[PDB]
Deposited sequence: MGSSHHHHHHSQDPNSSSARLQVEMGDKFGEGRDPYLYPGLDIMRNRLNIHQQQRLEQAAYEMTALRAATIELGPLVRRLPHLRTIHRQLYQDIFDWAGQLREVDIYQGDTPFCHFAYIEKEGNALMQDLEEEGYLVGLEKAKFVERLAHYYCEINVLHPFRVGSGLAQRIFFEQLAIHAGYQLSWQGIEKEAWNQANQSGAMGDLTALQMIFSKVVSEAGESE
């Protein structure tokens, strides 16, 4: 992996040489950075998603904000091939833009479109570390611009990952069910 030092450990800006200590420093520093992220714009394409990631990881990795350059698996299931991320990401953002960023939608339709876009970006997995985190911030902000709000509270991780996987295989039922709960009216 080109992200590793020529060991067990990802190259990083904090000169940490123990993987577990790097993990912990990232958990702490990303959480403080997330406390500084602003809402951002209504019009949000791939560069805005990259900006979220840059913001989160700027203390940890030189490559914060940059697209992933290697292939990654969750088990035996690959995420988007790295050389295709920019093409697929841009196309997906273009579909989102043509739907006006999901603005003006009744709740059932918002939930349905949100599950779809969440599922597509999840498979894209545009960053080497923290893709999930950056994606969810992107959609939390999007929801507020669209008159809704997201809460991830009380969603089980196993259910979450299974829903995303089923969705990527062509059945969004489980992910839409999760989003029906995650989504409420903005300010409610």
Quiz item: Can you list the gaps, in order, where the deposited sequence has no modelled residues?
Solution: 1-33, 40, 223-224
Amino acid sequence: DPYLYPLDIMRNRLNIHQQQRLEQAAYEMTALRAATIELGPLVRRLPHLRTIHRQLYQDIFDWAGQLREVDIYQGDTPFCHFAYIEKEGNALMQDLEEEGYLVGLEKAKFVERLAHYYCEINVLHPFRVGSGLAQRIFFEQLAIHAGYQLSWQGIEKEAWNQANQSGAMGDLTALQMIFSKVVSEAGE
From here on, numbers count along this sequence of modelled residues.
Quiz item: Which is higher on average in the deposited entry, the C-alpha temperature factors of 152-160 or of 37-45?
Solution: 152-160
Quiz item: Looking at the entry, does 66-74 or 50-58 show the higher mean C-alpha B-factor?
Solution: 66-74
Quiz item: Can you tell me which third, lowest, middle or highest, the CA B-factor of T173 falls into for its chain?
Solution: lowest
Quiz item: Against its chain's modelled residues, does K107's Cα B factor rank lowest, middle or highest third?
Solution: middle
Quiz prompt | Where the record places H116 (Cα B-factor, split into thirds across the chain) | solution = lowest
